[PDB]
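The block underneath contains the structure these notes are about, expressed in structure tokens.
Positions of Cβ are backbone-derived with ideal geometry, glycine not excepted, and every protein chain shown enters the neighbour counts. The values are calculated or read from the model by the stated rules, or taken from the named source; nothing here is a laboratory result.
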């Protein structure tokens, strides 16, 4: 609608803000953004205030009308037909009050949401209007992320605050009025219930502090676990090969033990919070009527149940809404105060020939020296002025000065003509690349085509699939530098400006293209224009008409889930005895809750049957028992639900973690790291923190809903007949709304993000959009994004409002049926039972809506539980230990036989190794050779059985398929291509089983010469490492890998060649260490750098997944037809000469031996 469009709706508030700023200047005081908001929207907040006044009046009138209805029974007389009509009258008014609430909520729900959205949309538009105008100083104080959080976080307070604001007055006032009326019903006793009721607000706030502290404390463990988990998932392939999987299992379980320990305490503490809301009503009424009866008053159905109903009105608003209003309105003023600051940062103050007069400028007046100094120059159309000099000499600052970004400290600049600007860092924004080029000038294909050829983009329009109608991201990330660079030139040309300011734009493209762009675009096409070019191409400099040389700024020259998921989530937590006990505690909580109120109804009726008097020791004693049992089972329920469901989130995490460890490497390939870790972070996070509270709050409310209906059916059993249609209506209605609502809910969630991405993109482009005088066109584009989301949000509002109004309608009908159903059956039932029925029915509205709401949220979050469940079901690698276990001394010799070995990463995948059949003799040194990308390392995956091979692999005649995976994996030793240091201690990275002597560790660390860094580390070997060990170089990590291999003494060594990540001066040193140490080992090495293997005893060549050659390297090189000879020959003549020399020497010596 025209009144809610972003442009119009914000523009008025910008008007009010300017007027407040003008007033504040005249008043010589600071401007207040709150006063600007209030003056703009007070006409809306006043009508919202009236609705709260009316709503709270009817919510207080309802109890007093209920008193009149019950009064019909306390003096019942079947002859008084007049009294029957009068009782029907109040039942009529009670009915109206319930529908008036249903209508007021129906109107109030709409206007409050609109009142909030209007303020949000208006503020966003002002925030953007300001962002386009910030002086370059202010970009130094703020950051794009800090500004974007104004839209993402801080403005999103306001459309919450508009809900609660009027409770800051309606809450206090309603407490007074409800206290005043309770003084009518009860007298002084009302102060007892109110004393408790106010004491709840300090207690609930205090609990909030303990929870916040515990919540803050636990976060450290969570982050510790997730980081450990992330390095686990990332490292899993290497973790598996070292068989360190036991270590991380111990580590994570320790971290998870501690974290759930904190989560249990925090969750119990929060269970006391929800328990309070449950029992609060029952204690308030206990203390009130206990004091009332000690003061000598008799209990009678009218006064008791009118009072009970009045506490229901004030209790919820004083304990729930008003504390929420003080919190959220406080967050409003924090946010408003923050936005007031942003709106008040320094603003740029902009006012054919170009002329410059002798000028000095500071990017910061806090600088001791200028950034441009004494500069004066002039240029006019038909010239090219170059700007030349060192990096940081001021070259780009000159262009900013002609553009007007840098204001003068002295001297002045003046120009006439349209400016064009091209930044050395290109910028491109969400749109078609044609749009990025047209920039919103009128399209002319006939000349645009000339630009597209003139800017040589036509070639790249062949690579763009949709050509120039391919969309480009808001940060250009899908384009390459040379493309987005060429895109900026294409934009600049089409704007067909008069003054071209070019910040070294062509260096992004090759010289031939650059000079093609220079010659056609810069020299010929701009020639009718002013041209100012920073460039380092001296061929262009000499083609320039004149040159300015800069130094130090001075002139040098002017030259849904199924039930099974639910069953699992509870059953996983505890034995079914506790869960059955959980059900009973739940029911016992609710039944004792209702029975407390039934006891007042029973106590009333017994009193009515009556000097003689009732024995308080019986009635008031049992009453105290029913309150106590309500309190006990309310607390126990709360704690016990959190126990079972948090206990379950422990068990499901551990089943999932063991699954992931046991999951084959295929799993970590097919699912990227972040998607796995998302389970352990978001989904486990929901299961621990959010989901158990939501279950507890649902079950708490739901049983009261069933409680309200059950009491009404218990007292007036024919109400069962009116209910069964109403339940079918409810059930059908719920399903239909949940089917259609979920789609519009997502739509609102997606249309929001374009608002923030536009602000982000425009801030990055801030000079170019403002250089092109495009500020207001970008405001139009933001309004387009802004009031696109407004359409989606309105459809969500009306969809939700359509459900809510008729959810209240069936709730209103319920009160009608009880109200008149009581009177139609009046002869059969007695005052206390009507009060019990009606005082409960009056509470159904609100709790019923929240019940349905929380129902949806439970079903929603159960999606995350379902996602962990599947990760408990992942297929597993074969057992870590088979029934057979190898001899304790095996492997004796490390004779490895490949026989028909056939391997694939997946059974459904290609066979990357086939018929692979080779003997590796004990202590034999064998190199593995294969073309890059041949899958050469697939041999490693087969030997460590990361996927089960077909055929037979034997080690000392033990069939590696027929032994436990940890037995096989531990006893070989592997040096990986990329090193990994885990953020344990240095000792952990070397010896996580903690079984090696420290003397061995120091020997290893000496043998790799890394000990110096470990002596530099303060804790010695107990030193903590950095994140990923980043304190060590990538080379030093590879030194550790040697250390690990040195420590893990085994007959069999494998190397994956990438030791050139050590600097050559130490790469070669560890390469020698490998030679010197592992002479005791059978050694395999797979390499690209054939020089590294070349001294092997044999080389295996696998260019295509077959063992094409397996022979002495010299004999291979003597075979001039060998692939290895051809490969070294493909390295080159001197390479082969060097390689053949090495092979000849070692072959001769071994033959001369």
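Some notes on this structure:
- Annotation note: of 402, 415, the sole residue that is part of a strand (DSSP E or B) and assigned by TED's automatic domain parsing to the domain that holds residue 536 is 415.
- Whichever residue in segment 473-504 is under 15 Å from residue 436 (Cβ atoms) and in contact with a strand residue (DSSP E or B) (Cβ under 7 Å, 6 or more places away or on another chain) and, among such residues, is surrounded by the fewest Cβ atoms within 10 Å (Cβ to Cβ): 478
- In this structure, residue 925 does not qualify as within 19 Å of residue 1047 (Cα to Cα) and either crowded, with 20+ Cβ neighbours inside 10 Å or out of contact with any helix residue (DSSP H, G or I) (no Cβ under 9 Å at 6 or more places or on another chain) (or both).
- So residue 1070, is it touching a helix residue (DSSP H, G or I) at 6+ places or on another chain (Cβ under 7 Å), buried (at least 20 other Cβ atoms within 10 Å of the Cβ) and in a strand (DSSP E or B): no
- Residue 296 being surrounded by fewer than 18 Cβ atoms within 10 Å (Cβ to Cβ) and within 30 Å of residue 625 (Cβ to Cβ): yes
- Residue list for segment 349-384, restricted to those being part of a loop (DSSP other than H, G, I, E, B) and either in contact with a strand residue (DSSP E or B) (Cβ under 7 Å, 6 or more places away or on another chain) or over 22 Å from residue 136 (Cα atoms) (or both): 352, 357, 358, 370, 371, 376, 377, 380, 381, 382
- Taken over segment 772-806, the residue count meeting the criterion of being surrounded by 22 or more Cβ atoms within 10 Å (Cβ to Cβ) and either more than 19 Å from residue 122 (Cβ to Cβ) or outside the structural domain of residue 116 (by TED's automatic domain parsing) (or both) is 1.
- Some residue of segment 878-888 being within 48 Å of the chain's Cα centre (by Cα), more than 30 Å from residue 1034 (Cα to Cα) and part of a strand (DSSP E or B): no
- Residue in segment 321-339 that is in the same structural domain as residue 491 (by TED's automatic domain parsing), assigned to a helix (DSSP H, G or I) and either surrounded by 18 or more Cβ atoms within 10 Å (Cβ to Cβ) or more than 42 Å from the chain's Cα centre (by Cα) (or both) present: no
- Of the helices (runs of 4 or more DSSP H) contained entirely in segment 636-727, those carrying at least 3 residues that are under 26 Å from residue 819 (Cα atoms) fall at 691-715.
- Enumerated helices (runs of 4 or more DSSP H) restricted to segment 45-159, each holding at least 1 residues that are in contact with a helix residue (DSSP H, G or I) (Cβ under 9 Å, 6 or more places away or on another chain) and more than 30 Å from residue 408 (Cβ to Cβ): 81-131, 144-149
- Per the listing 1120, 1150, 1065, 1106, the residue uniquely in a loop (DSSP other than H, G, I, E, B), out of contact with any strand residue (DSSP E or B) (no Cβ under 9 Å at 6 or more places or on another chain) and at negative phi is 1120.
- Taken together, 428, 433, 422, 388 contain a single residue that is outside the structural domain of residue 134 (by TED's automatic domain parsing) and over 39 Å from the mean Cα position of the chain (by Cα), which is 388.
- Residue in segment 134-148 that is buried (at least 20 other Cβ atoms within 10 Å of the Cβ), closer than 14 Å to residue 343 by Cα and assigned by TED's automatic domain parsing to the domain that holds residue 769 present: yes
- When residues of segment 1015-1032 are limited to those that are assigned to a helix (DSSP H, G or I) and in contact with a strand residue (DSSP E or B) (Cβ under 7 Å, 6 or more places away or on another chain), the one surrounded by the fewest Cβ atoms within 10 Å (Cβ to Cβ): 1022
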